[PDB]
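These notes are about the structure you will find just below.
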Amino acid sequence: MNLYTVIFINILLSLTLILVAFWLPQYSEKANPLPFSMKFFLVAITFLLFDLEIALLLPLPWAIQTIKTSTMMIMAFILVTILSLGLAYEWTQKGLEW
Amino acid sequence: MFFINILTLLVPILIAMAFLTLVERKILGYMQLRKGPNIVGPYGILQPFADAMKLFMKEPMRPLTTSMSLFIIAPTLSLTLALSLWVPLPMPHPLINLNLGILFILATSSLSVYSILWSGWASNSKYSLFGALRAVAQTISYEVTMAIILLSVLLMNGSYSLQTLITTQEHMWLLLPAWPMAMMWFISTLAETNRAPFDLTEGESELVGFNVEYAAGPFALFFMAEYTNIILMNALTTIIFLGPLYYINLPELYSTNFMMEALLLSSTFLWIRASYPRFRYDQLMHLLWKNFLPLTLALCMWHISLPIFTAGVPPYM
Amino acid sequence: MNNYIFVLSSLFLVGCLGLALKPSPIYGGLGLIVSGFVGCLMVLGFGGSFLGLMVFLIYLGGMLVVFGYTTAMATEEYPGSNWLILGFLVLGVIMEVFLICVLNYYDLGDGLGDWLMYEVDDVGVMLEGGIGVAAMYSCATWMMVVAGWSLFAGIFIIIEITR
Amino acid sequence: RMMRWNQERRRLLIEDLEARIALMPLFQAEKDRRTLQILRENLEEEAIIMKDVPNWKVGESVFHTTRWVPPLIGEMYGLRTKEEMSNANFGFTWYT
Amino acid sequence: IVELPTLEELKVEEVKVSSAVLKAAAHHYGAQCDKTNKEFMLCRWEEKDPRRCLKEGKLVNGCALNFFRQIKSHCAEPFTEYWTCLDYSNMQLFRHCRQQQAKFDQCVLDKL
Amino acid sequence: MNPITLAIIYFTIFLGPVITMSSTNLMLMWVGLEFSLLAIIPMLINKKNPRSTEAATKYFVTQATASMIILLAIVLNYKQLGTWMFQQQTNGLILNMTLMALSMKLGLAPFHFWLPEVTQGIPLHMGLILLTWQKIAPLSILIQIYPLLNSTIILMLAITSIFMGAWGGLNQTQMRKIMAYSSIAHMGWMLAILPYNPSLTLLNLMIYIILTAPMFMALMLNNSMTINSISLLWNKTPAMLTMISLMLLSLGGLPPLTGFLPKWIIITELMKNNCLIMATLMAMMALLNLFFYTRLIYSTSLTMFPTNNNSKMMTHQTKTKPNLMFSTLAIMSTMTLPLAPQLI
Amino acid sequence: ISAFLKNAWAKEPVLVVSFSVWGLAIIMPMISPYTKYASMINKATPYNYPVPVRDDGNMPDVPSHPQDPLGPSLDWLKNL
Amino acid sequence: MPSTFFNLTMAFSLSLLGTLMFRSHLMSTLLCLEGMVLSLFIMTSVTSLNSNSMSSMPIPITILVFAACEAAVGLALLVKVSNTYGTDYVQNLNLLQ
Amino acid sequence: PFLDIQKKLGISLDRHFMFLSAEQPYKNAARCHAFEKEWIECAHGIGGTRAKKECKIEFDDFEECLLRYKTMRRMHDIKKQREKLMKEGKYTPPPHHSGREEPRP
Amino acid sequence: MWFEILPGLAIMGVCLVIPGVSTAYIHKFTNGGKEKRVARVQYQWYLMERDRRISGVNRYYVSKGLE
Ligand SMILES: CCCCCCCCCCCCCCCCCC(=O)OC[C@H](COP(=O)(O)OCCN)OC(=O)CCCCCCCCCCCCCCCCC
């Protein structure tokens, strides 16, 4: 609840401040103000294949306290490594390069 | 009296941010051998009220934007999140207690990216779209370095609760165990605000960025939300790395010392703006993808071992 | 309320109906980002703090954001007014009410009662999601390995496609 | 100093968890007799009143085992005040 | 009708003291009042039914009140100063009320 | 392909079916299906020709939605039985979903539109894998769950496939698509006997693999995607004309060759189970499949089509040989019939 | 090989560290006197309640009382 | 839950109808496709959570990890298409006829 | 399954966690752990064709430990009854509804 | 000189401790003089609820052992 109240209040403040913004003020061509970034898309799915990486690395805080601590260590290191080798391939592929 | 808490939690950060607009103009000034505001108030203490009470009165020109729905949802998303990442902040007594607190701060921080995407896309312009795509690349790329620094560090306090970081620091600052993390964290907090030697977006000399087509109110909010989490990502460093005193009695001392170190880390960003030429968009990435991310992943692997071989596995709770 | 979940469930269907009318590529992304917010909330309702936040952390800003990203790069040609779609969407907003209505009169029902958190230990700890997700490293370490290869060979699949 | 300290936080947890070990009997005893006092007291409100039309058998366990079905949150407080249902169904998620 | 004990039966004198004092006198409540509490568990985990071990339950609700009753006569004042600080915390840590602990333990090492 | 990538992909395309087969936790069966989807897409666009991108984008969407439907079945089961795997009790609709979905990945019957088109835009090689090492995975999942699936639907998808495959094939002149159509048909017979005697599905598959793998390595020996192209086989390489003749008639059910056994025992098993309605109609249009097989026979062997003068140039040069597998899989396929009893 | 590391330490002075700590953390656990305790300090925590077994008289070790000299006594975790 | 579990299931069917009724842009489809994975993820997490079946929570996430890459492949095909045609309309994908 | 490379190799990477009664982390038994056991130690050695008729008591129960629907129908019916009677005041919110009645530890 | 940047910080130096002292005294005044107990794991809640049951409807109230 409290969290609801807060997050909701935080919104109302935001909205009001734009409410007042568009109303307090109360033509002229005042309003008058692309190729693919293949690099970007790559960077983007590089981040997708890595954000999911974190999602599989967030259990560490609660797995450190597993009885088979030796197992956790092993399982984690491989993940971090296989993902580093992936990044490394990208490096060689020069995908990381902009 | 829970509502008394929000009213004493959001007023004292919108009234602080306001005087960071001032302090970001004087400290930069005296380095430039030039006094900042001195006139509207005694020593510029009354300047943000002027351009607060001024920007909001300028025409919020919806300039042939593709979609107002976005033009007027992006700027609100930002100040909505930024003023929310404060709700679980771990003061000696946090507004709200949230197990998974640090995740909350990470997640909400991420959503911000949209503001860039939405604002850039809605306002039809080359600069706007250009800047956005490039800007988020940075933001997203830096999340992956923040998370790990965030994760790694966790193994040490052993939970996702901000409020425990204080205990973990009951007798020492985590800056000394992890200064490598704290370095890269600083840049991942200094460059995830699209701030500092790293202001690629809103490239002003090169790009005129996304907030370009914004003015008056819609701009103010975007701004208010860049200085209200310029204080978060230093307020976290004063929790995660710099651990002030916590005594069951005298529960202010923490807040007082929290002050003393958050202003430095909020005044440390100000030396940066006035000191470093901006990184070029390619270099920023290569800083994270080919330098920080490697060190971050390896040190994460180092921190999962440190508990096991030092038998220091932190206590859940 | 007690209908804490239903209402939300209803919002999730609304967002899915929005994605289903296939609105403009990025206007609907928002739609997903909306129902992802909604689904994040429901899971939290049942106590899955971790599992919940996870969605808000990965699908919300990781997957979806990258999605629109690409929309901007391509397939955001932004050449039927979505407003027409909103018009239809509004129709469904209440058309679904019709589907529910028949079963509404038929009636579980009357909002949502104790149809959530069936059984919870009134005492005890370690009962919390994220203890289960951390079985990737004890007693369920095969799901962890195969996910690895997904992401790992994912790198190699993507570049090869891109090249 | 992070070696020697986090070890102690462990030894304080054992001190703090073994306290919890000593009080499972008192709580589990109270919790048994409490929930075993709700549904005789709800069996009544269902039987003492609210049930005089035909073809109803009070206490018609729907399972066949006759073993102790740990009562479900719903059956335990549901027909009781709207407040109780939340306080049992949303008390913890809402915090502290 | 599924067997459900009579409310009258369930009636038992109760501990009725807040969690803080229980957390203070717990480690001594594990030393004393153990044979009477473990047999409840040993029924509880063997006989999986709260409708059968209520016998030993009333015993647990009994030995506990016994434990405190001695503490209430014997060494009550230093016990009050112990949990009165311990309940000030937000998670009731022994880590803080560590001076109140020995002062209550020496008072109870000598007496009882 | 950086040989490393080639390894990772190929391993996945091979770990994909193998995880499916080995695991029992359906979930692990789903990800086995998921990998196969991810591994095949890179190879499909190797030429990266405009036709190819179309192929992969279709294959992927068809494969992806089916994968999601299979997952929904597993997710639903999880709530109707805590188990992560189909059981006697499973709601009938839960299983039918799995049939439709898996019949889309395998491309049977009214979902037979993607296969002919992806078989047309991919190389002959990746054509084989897309036709035969990607059918093993889904079929495994079905064969495991056979006791529980519906006899009615399977039969309808079976009969439909037989018809669609046959009719489609009659008109086609592109070889890749003639094979795609045949595979739809054979896949149909296989799924017809699944509810009754799964063990025969595994025979009607192997024989299809031992028949199609030689047939395609034949099409590519001269890399002919046209019948006109395969018709000049007599000039490019005369010996394969004899076995290409028998293998194609073997693919259809004509009695002396190995190809009769799968149809014969499937018909024997269906009559044993009393489907003498269904079996009869299937066998009859099965005869339509041989018509288009023999029309190709005519062009390639029984009649000699005219060739271009440059064909003499290709004769001069030594012809890179066909791998040994062709022979061992051509003979074991064209004539093993005398050894049927032990095969079944 | 040894003088190739010298420029890779002068220029590129990052990946060196990242492949020097990537590994260091794989050998510290296998060679430390105290790695045995992590699966033991984490094994002592009684998160759930220890169910007592019925007595038969055939069990000498099982400590009858929480304070018997018998049973898992951790004078180890203390001053570990 | 029984009530809600319905909404999520129909969400998946409404997302099903979406991916099986294309209209112009493909990115819409892939986007819809993802709407299902969210609905599956939500339903798997929900039942696992009210069955207190913690041994199965691994799955809710394995579902997302595989689904993310699945989508990665899907988008690379999409980028490949608006590089060969530059308009990403399901309309021009008909050469194979 | 189709190719049992798991039993042969003795490995159990996929079997340990297929049912609700499998080892749950920290030994936190799930709902129904009681039933599913009773419904799979029954159907062990008896094939499915005969795990579907005679071992129907244990599934009919386990189908109601987890769906828990027959309960709903009971409770939902009870609910309606209260409503009608209450409207005519035939039934009054119980002392429980009135609160108090000595809420005890 | 630089003396003047201080007026500005002084306000951002109290505007930032108003929140930490405020949240940490509106807790010790809306929780009966005692820190707001933290229910992080099921067992903490139970104890907290139990307390409410034992005395007043307020967790904060506490029974010394004379009850
Ligand atoms: C059950 C009976 C089934 C039917 C058996 C009889 C039919 C066998 C199958 C024939 C199918 C192809 C018919 C058309 C063939 C055309 C061959 C041709 O055009 O000649 C060229 C070809 C290759 O030429 P090359 O060997 O390289 O040297 C000569 C170069 N001009 O020259 C050659 O190919 C030479 C080698 C041809 C293959 C020899 C086969 C001989 C007949 C096999 C009969 C088997 C009978 C089994 C009876 C079983 C009873 C239980």
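For the structure tokens, the naming scheme is as follows: chains receive sequential letters (A, B, ...) according to their order of presentation, residues are indexed from 1 within each chain, and ligands are indexed from 1 in presentation order.
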Using only C-alpha atoms and a distance of at most 6 Å, pull out the residues of chain B that contact chain D, as a count of residues only.
4
Which residues come within 8 Å of stretch 50-64 of chain A, counting only C-alpha atoms, excluding same-chain residues fewer than 3 positions away, as an mmCIF file with C-alpha atoms, in the first residue's frame?
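The result, written out as result-v4.cif:
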data_model
loop_
_atom_site.group_PDB
_atom_site.id
_atom_site.type_symbol
_atom_site.label_atom_id
_atom_site.label_comp_id
_atom_site.auth_asym_id
_atom_site.auth_seq_id
_atom_site.Cartn_x
_atom_site.Cartn_y
_atom_site.Cartn_z
ATOM 1 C CA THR A 46 24.524 -8.027 -27.339
ATOM 2 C CA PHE A 47 22.804 -6.332 -24.370
ATOM 3 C CA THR A 69 28.872 -24.281 -2.029
ATOM 4 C CA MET A 72 27.685 -23.146 -6.908
ATOM 5 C CA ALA A 76 28.839 -19.789 -11.742
ATOM 6 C CA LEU A 83 29.763 -15.412 -21.520
ATOM 7 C CA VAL B 144 25.260 -4.177 -17.850
ATOM 8 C CA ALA B 147 24.324 -4.572 -12.610
ATOM 9 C CA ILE B 148 27.418 -6.621 -12.164
ATOM 10 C CA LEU B 151 25.668 -7.907 -8.146
ATOM 11 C CA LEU B 154 25.960 -7.991 -3.164
ATOM 12 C CA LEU B 155 27.831 -11.217 -2.457
ATOM 13 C CA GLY B 158 24.762 -10.874 1.210
ATOM 14 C CA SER B 159 21.276 -9.709 0.361
ATOM 15 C CA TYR B 160 19.446 -7.361 -1.858
ATOM 16 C CA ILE B 304 31.951 -15.197 -5.534
ATOM 17 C CA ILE B 308 33.839 -19.333 -0.018
ATOM 18 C CA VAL B 313 29.646 -15.988 3.181
ATOM 19 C CA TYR B 316 21.206 -13.891 4.740
ATOM 20 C CA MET C 54 12.965 -10.156 -12.661
ATOM 21 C CA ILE C 58 14.589 -8.270 -18.156
ATOM 22 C CA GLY C 62 15.850 -5.481 -21.680
ATOM 23 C CA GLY C 130 14.657 -16.846 -5.532
ATOM 24 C CA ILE C 131 15.436 -19.766 -3.270
ATOM 25 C CA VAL C 133 15.331 -19.977 -8.857
ATOM 26 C CA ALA C 134 18.696 -20.581 -7.181
ATOM 27 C CA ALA C 135 18.211 -24.322 -7.635
ATOM 28 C CA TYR C 137 23.131 -24.338 -8.794
ATOM 29 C CA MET C 144 21.367 -23.658 -16.008
ATOM 30 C CA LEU C 151 22.821 -17.480 -24.887
ATOM 31 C CA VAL H 65 16.147 -16.980 -21.468
ATOM 32 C CA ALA H 68 14.917 -13.873 -25.567
#
Residue contacts of stretch 93-95 of chain H (10 Å, only C-alpha atoms) excluding same-chain residues fewer than 3 positions away, as a compact mmCIF listing (two decimals) with N, CA, C and O atoms, in the first residue's frame:
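What follows is the written file out_8.txt:
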# COMPACT_ATOMS: atom_id res chain seq x y z
N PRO F 50 18.17 -13.31 -51.89
CA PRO F 50 16.92 -12.69 -51.46
C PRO F 50 15.91 -13.81 -51.17
O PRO F 50 15.19 -13.70 -50.19
N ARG F 51 15.90 -14.88 -51.93
CA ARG F 51 15.00 -15.98 -51.62
C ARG F 51 15.25 -16.53 -50.23
O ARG F 51 14.31 -16.81 -49.50
N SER F 52 16.50 -16.66 -49.83
CA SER F 52 16.83 -17.24 -48.54
C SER F 52 16.25 -16.52 -47.34
O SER F 52 15.67 -17.16 -46.47
N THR F 53 16.40 -15.21 -47.27
CA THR F 53 15.88 -14.46 -46.14
C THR F 53 14.40 -14.70 -46.01
O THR F 53 13.87 -14.75 -44.91
N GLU F 54 13.72 -14.85 -47.14
CA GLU F 54 12.30 -15.17 -47.09
C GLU F 54 12.10 -16.52 -46.47
O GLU F 54 11.20 -16.72 -45.68
N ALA F 55 12.93 -17.47 -46.85
CA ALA F 55 12.77 -18.81 -46.34
C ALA F 55 12.90 -18.80 -44.85
O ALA F 55 12.00 -19.23 -44.14
N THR F 57 12.69 -16.44 -42.65
CA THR F 57 11.72 -15.65 -41.90
C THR F 57 10.40 -16.37 -41.81
O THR F 57 9.66 -16.16 -40.86
N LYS F 58 10.09 -17.21 -42.78
CA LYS F 58 8.88 -18.00 -42.70
C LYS F 58 9.10 -19.14 -41.76
O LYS F 58 8.36 -19.34 -40.81
N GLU F 117 7.78 -24.27 -49.22
CA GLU F 117 8.43 -23.00 -49.52
C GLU F 117 9.81 -22.89 -48.91
O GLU F 117 10.71 -22.36 -49.52
N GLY F 121 13.78 -22.55 -51.05
CA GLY F 121 14.79 -21.53 -50.96
C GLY F 121 16.05 -21.88 -50.22
O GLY F 121 16.93 -21.08 -50.13
N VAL H 81 15.73 -8.70 -43.62
CA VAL H 81 14.65 -8.36 -44.60
C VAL H 81 14.52 -6.89 -45.02
O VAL H 81 14.38 -6.64 -46.23
N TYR H 85 14.90 -5.53 -48.65
CA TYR H 85 13.78 -4.81 -49.26
C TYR H 85 13.64 -3.43 -48.65
O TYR H 85 13.15 -2.51 -49.30
N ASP H 88 10.29 -3.91 -44.65
CA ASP H 88 9.75 -4.88 -43.68
C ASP H 88 8.25 -5.13 -43.72
O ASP H 88 7.61 -5.17 -42.68
N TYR H 89 7.68 -5.31 -44.91
CA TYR H 89 6.26 -5.64 -45.00
C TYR H 89 6.13 -7.12 -45.31
O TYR H 89 6.81 -7.63 -46.20
N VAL H 90 5.27 -7.82 -44.58
CA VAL H 90 5.17 -9.29 -44.77
C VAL H 90 4.77 -9.36 -46.25
O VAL H 90 4.79 -10.46 -46.82
Around ligand 1, which protein and nucleic acid residues have at least one atom no more than 7 Å from it, if we count only C-alpha atoms and all ligand atoms? List them as a PyMOL selection string.
chain F and resi 234+238-239+241-243+245-246+256+301-302
Starting from chain G, keep only residues with some atom at most 8 Å from an atom of chain A, counting only C-alpha atoms, and report them as a PyMOL selection string.
chain G and resi 38-40+42-43
Could you write out, as an MDAnalysis selection string, all the residues of chain C that DSSP marks as alpha helix (DSSP H)?
chainID C and resid 5:20 25:45 49:58 64:73 82:106 141:162
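For residue A:89, the list of residues within 12 Å, based on only C-alpha atoms and with local chain neighbours fewer than 6 positions off taken out, reads residues 46, 82, 83, 95, 96 and 97 of chain A; 290 of chain B; 152, 153, 154, 155, 156, 159 and 160 of chain C; 2, 4 and 5 of chain F.
Going from atom CA of residue B:240 to atom CA of residue B:165 covers 6.2 Å.
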Contacts of chain E with chain D up to 7 Å, shortest pair per row, only C-alpha atoms, as CSV:
residue,atom,partner,partner_atom,distance
E:1,CA,D:59,CA,4.4
E:2,CA,D:59,CA,5.4
E:4,CA,D:40,CA,5.7
E:7,CA,D:37,CA,5.9
E:10,CA,D:33,CA,6.1
E:23,CA,D:19,CA,6.5
E:26,CA,D:19,CA,5.4
E:27,CA,D:19,CA,5.7
E:29,CA,D:22,CA,6.5
E:30,CA,D:22,CA,4.9
E:37,CA,D:25,CA,5.7
E:40,CA,D:25,CA,6.9
E:41,CA,D:25,CA,6.6
E:49,CA,D:68,CA,5.5
E:50,CA,D:32,CA,5.5
E:57,CA,D:29,CA,5.0
E:60,CA,D:26,CA,6.0
E:61,CA,D:26,CA,6.4
For residue J:20, please output as a short mmCIF file (atom, residue, chain, number, x, y, z; two decimals) with C-alpha atoms, in the first residue's frame all residues within 7 Å (counting only C-alpha atoms; exclusion window: fewer than 4 positions along the same chain).
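The resulting file, around-v9.cif, is reproduced below:
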data_model
loop_
_atom_site.label_atom_id
_atom_site.label_comp_id
_atom_site.auth_asym_id
_atom_site.auth_seq_id
_atom_site.Cartn_x
_atom_site.Cartn_y
_atom_site.Cartn_z
CA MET B 91 18.65 5.85 5.21
CA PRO B 92 19.05 4.78 8.80
CA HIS B 93 15.29 4.57 8.32
CA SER B 255 21.90 11.13 7.98
CA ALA J 24 13.53 8.05 11.26
#
Contact set, chain I to chain C: 12 Å, only C-alpha atoms, as a VMD selection string:
chain I and resid 11 to 18 22 to 32 65 to 77 79 to 80
Keeping N, CA and C atoms for every residue in the selection just given, could you write it to a file as an mmCIF file, in the first residue's frame?
data_model
loop_
_atom_site.group_PDB
_atom_site.id
_atom_site.type_symbol
_atom_site.label_atom_id
_atom_site.label_comp_id
_atom_site.auth_asym_id
_atom_site.auth_seq_id
_atom_site.Cartn_x
_atom_site.Cartn_y
_atom_site.Cartn_z
ATOM 1 N N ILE I 11 22.903 -41.020 -14.864
ATOM 2 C CA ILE I 11 22.710 -39.625 -14.513
ATOM 3 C C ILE I 11 21.241 -39.327 -14.315
ATOM 4 N N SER I 12 20.931 -38.330 -13.498
ATOM 5 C CA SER I 12 19.543 -37.929 -13.316
ATOM 6 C C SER I 12 19.393 -36.433 -13.433
ATOM 7 N N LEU I 13 19.697 -35.891 -14.602
ATOM 8 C CA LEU I 13 19.599 -34.455 -14.801
ATOM 9 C C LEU I 13 18.200 -33.919 -15.018
ATOM 10 N N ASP I 14 17.301 -34.827 -15.361
ATOM 11 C CA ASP I 14 15.955 -34.391 -15.689
ATOM 12 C C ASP I 14 14.861 -35.080 -14.906
ATOM 13 N N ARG I 15 15.187 -35.954 -13.987
ATOM 14 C CA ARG I 15 14.111 -36.660 -13.333
ATOM 15 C C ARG I 15 13.852 -36.172 -11.932
ATOM 16 N N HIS I 16 14.861 -35.633 -11.287
ATOM 17 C CA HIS I 16 14.713 -35.256 -9.894
ATOM 18 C C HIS I 16 13.622 -34.235 -9.626
ATOM 19 N N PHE I 17 13.150 -33.532 -10.649
ATOM 20 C CA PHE I 17 12.193 -32.448 -10.408
ATOM 21 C C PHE I 17 11.000 -32.419 -11.336
ATOM 22 N N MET I 18 10.272 -33.510 -11.420
ATOM 23 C CA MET I 18 9.170 -33.598 -12.362
ATOM 24 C C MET I 18 7.812 -33.511 -11.692
ATOM 25 N N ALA I 22 8.699 -33.892 -5.425
ATOM 26 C CA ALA I 22 10.129 -34.053 -5.543
ATOM 27 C C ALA I 22 10.789 -33.211 -4.488
ATOM 28 N N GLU I 23 12.095 -33.358 -4.332
ATOM 29 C CA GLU I 23 12.773 -32.624 -3.283
ATOM 30 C C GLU I 23 12.635 -31.142 -3.524
ATOM 31 N N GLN I 24 11.979 -30.449 -2.607
ATOM 32 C CA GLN I 24 11.842 -29.013 -2.734
ATOM 33 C C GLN I 24 12.965 -28.374 -1.956
ATOM 34 N N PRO I 25 13.402 -27.186 -2.370
ATOM 35 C CA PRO I 25 14.556 -26.604 -1.687
ATOM 36 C C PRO I 25 14.291 -26.398 -0.210
ATOM 37 N N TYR I 26 15.301 -26.609 0.619
ATOM 38 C CA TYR I 26 15.154 -26.430 2.057
ATOM 39 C C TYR I 26 14.006 -27.259 2.573
ATOM 40 N N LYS I 27 13.758 -28.383 1.926
ATOM 41 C CA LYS I 27 12.716 -29.287 2.386
ATOM 42 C C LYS I 27 11.403 -28.603 2.681
ATOM 43 N N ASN I 28 11.029 -27.641 1.852
ATOM 44 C CA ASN I 28 9.749 -26.975 2.024
ATOM 45 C C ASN I 28 8.731 -27.678 1.172
ATOM 46 N N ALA I 29 8.051 -28.656 1.744
ATOM 47 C CA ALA I 29 7.090 -29.434 0.981
ATOM 48 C C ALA I 29 6.028 -28.560 0.371
ATOM 49 N N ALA I 30 5.636 -28.873 -0.852
ATOM 50 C CA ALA I 30 4.623 -28.086 -1.530
ATOM 51 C C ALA I 30 3.240 -28.520 -1.123
ATOM 52 N N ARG I 31 2.230 -27.830 -1.621
ATOM 53 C CA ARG I 31 0.875 -28.238 -1.335
ATOM 54 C C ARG I 31 0.655 -29.558 -2.019
ATOM 55 N N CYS I 32 -0.061 -30.469 -1.368
ATOM 56 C CA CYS I 32 -0.390 -31.759 -1.969
ATOM 57 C C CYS I 32 0.719 -32.797 -1.894
ATOM 58 N N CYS I 65 -6.946 -31.633 -4.225
ATOM 59 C CA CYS I 65 -5.927 -30.929 -3.462
ATOM 60 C C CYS I 65 -5.310 -29.711 -4.127
ATOM 61 N N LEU I 66 -5.252 -29.706 -5.457
ATOM 62 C CA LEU I 66 -4.557 -28.698 -6.220
ATOM 63 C C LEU I 66 -5.473 -27.731 -6.990
ATOM 64 N N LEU I 67 -6.472 -28.288 -7.674
ATOM 65 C CA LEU I 67 -7.497 -27.457 -8.289
ATOM 66 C C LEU I 67 -8.302 -26.868 -7.151
ATOM 67 N N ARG I 68 -8.715 -27.711 -6.209
ATOM 68 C CA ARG I 68 -9.446 -27.293 -5.023
ATOM 69 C C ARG I 68 -10.739 -26.590 -5.435
ATOM 70 N N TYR I 69 -11.457 -27.282 -6.320
ATOM 71 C CA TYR I 69 -12.678 -26.726 -6.879
ATOM 72 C C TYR I 69 -13.935 -27.217 -6.218
ATOM 73 N N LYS I 70 -14.031 -28.511 -5.972
ATOM 74 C CA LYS I 70 -15.195 -28.980 -5.253
ATOM 75 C C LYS I 70 -15.352 -28.112 -4.018
ATOM 76 N N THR I 71 -14.246 -27.716 -3.403
ATOM 77 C CA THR I 71 -14.328 -26.829 -2.265
ATOM 78 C C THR I 71 -15.009 -25.589 -2.699
ATOM 79 N N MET I 72 -14.523 -24.953 -3.744
ATOM 80 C CA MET I 72 -15.139 -23.712 -4.108
ATOM 81 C C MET I 72 -16.637 -23.924 -4.139
ATOM 82 N N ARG I 73 -17.111 -24.912 -4.881
ATOM 83 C CA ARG I 73 -18.554 -25.063 -5.024
ATOM 84 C C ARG I 73 -19.235 -25.109 -3.678
ATOM 85 N N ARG I 74 -18.580 -25.718 -2.705
ATOM 86 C CA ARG I 74 -19.158 -25.775 -1.382
ATOM 87 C C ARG I 74 -19.183 -24.390 -0.855
ATOM 88 N N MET I 75 -18.021 -23.779 -0.779
ATOM 89 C CA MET I 75 -17.975 -22.467 -0.187
ATOM 90 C C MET I 75 -18.844 -21.506 -0.954
ATOM 91 N N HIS I 76 -18.809 -21.552 -2.276
ATOM 92 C CA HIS I 76 -19.575 -20.560 -3.013
ATOM 93 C C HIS I 76 -21.046 -20.732 -2.715
ATOM 94 N N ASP I 77 -21.491 -21.974 -2.626
ATOM 95 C CA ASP I 77 -22.877 -22.211 -2.305
ATOM 96 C C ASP I 77 -23.159 -21.636 -0.940
ATOM 97 N N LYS I 79 -21.834 -19.350 0.491
ATOM 98 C CA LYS I 79 -21.864 -17.911 0.434
ATOM 99 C C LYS I 79 -23.235 -17.452 0.027
ATOM 100 N N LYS I 80 -23.740 -17.973 -1.077
ATOM 101 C CA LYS I 80 -25.019 -17.496 -1.558
ATOM 102 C C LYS I 80 -26.067 -17.640 -0.485
#
If the cut-off is 9 Å, can you tell me the residues of chain G near chain B, counting only C-alpha atoms? I'd like them as a short mmCIF file (atom, residue, chain, number, x, y, z; two decimals) with C-alpha atoms, in the first residue's frame.
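See part_6.cif below for the written result:
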data_model
loop_
_atom_site.label_atom_id
_atom_site.label_comp_id
_atom_site.auth_asym_id
_atom_site.auth_seq_id
_atom_site.Cartn_x
_atom_site.Cartn_y
_atom_site.Cartn_z
CA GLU G 12 46.27 -2.83 -22.91
CA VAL G 14 43.17 -3.99 -18.44
CA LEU G 15 42.68 -7.36 -20.05
CA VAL G 17 44.11 -7.81 -14.92
CA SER G 18 40.87 -9.30 -16.14
CA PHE G 19 42.60 -12.56 -17.03
CA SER G 20 44.71 -12.47 -13.93
CA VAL G 21 41.80 -12.18 -11.55
CA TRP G 22 39.47 -14.19 -13.64
CA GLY G 23 41.75 -16.99 -12.80
CA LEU G 24 43.13 -16.05 -9.43
CA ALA G 25 39.64 -16.74 -8.19
CA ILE G 26 39.68 -20.29 -9.49
CA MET G 28 42.18 -19.49 -4.32
CA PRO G 29 39.35 -21.81 -3.47
CA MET G 30 41.27 -25.00 -4.40
CA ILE G 31 44.32 -24.01 -2.38
CA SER G 32 42.96 -22.32 0.75
CA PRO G 33 43.00 -23.78 4.26
CA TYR G 34 39.52 -22.33 4.89
CA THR G 35 37.46 -23.32 1.84
CA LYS G 36 36.19 -26.42 3.66
CA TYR G 37 34.20 -24.25 6.05
CA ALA G 38 31.99 -22.50 3.48
CA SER G 39 29.97 -25.68 2.94
CA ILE G 41 29.27 -22.74 8.19
CA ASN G 42 26.43 -22.77 5.63
CA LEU G 80 36.94 -20.18 12.99
#
Give the residues of chain A that lie within 12 Å of chain D; count only C-alpha atoms, and format the answer as a PyMOL selection string.
chain A and resi 1-5+65
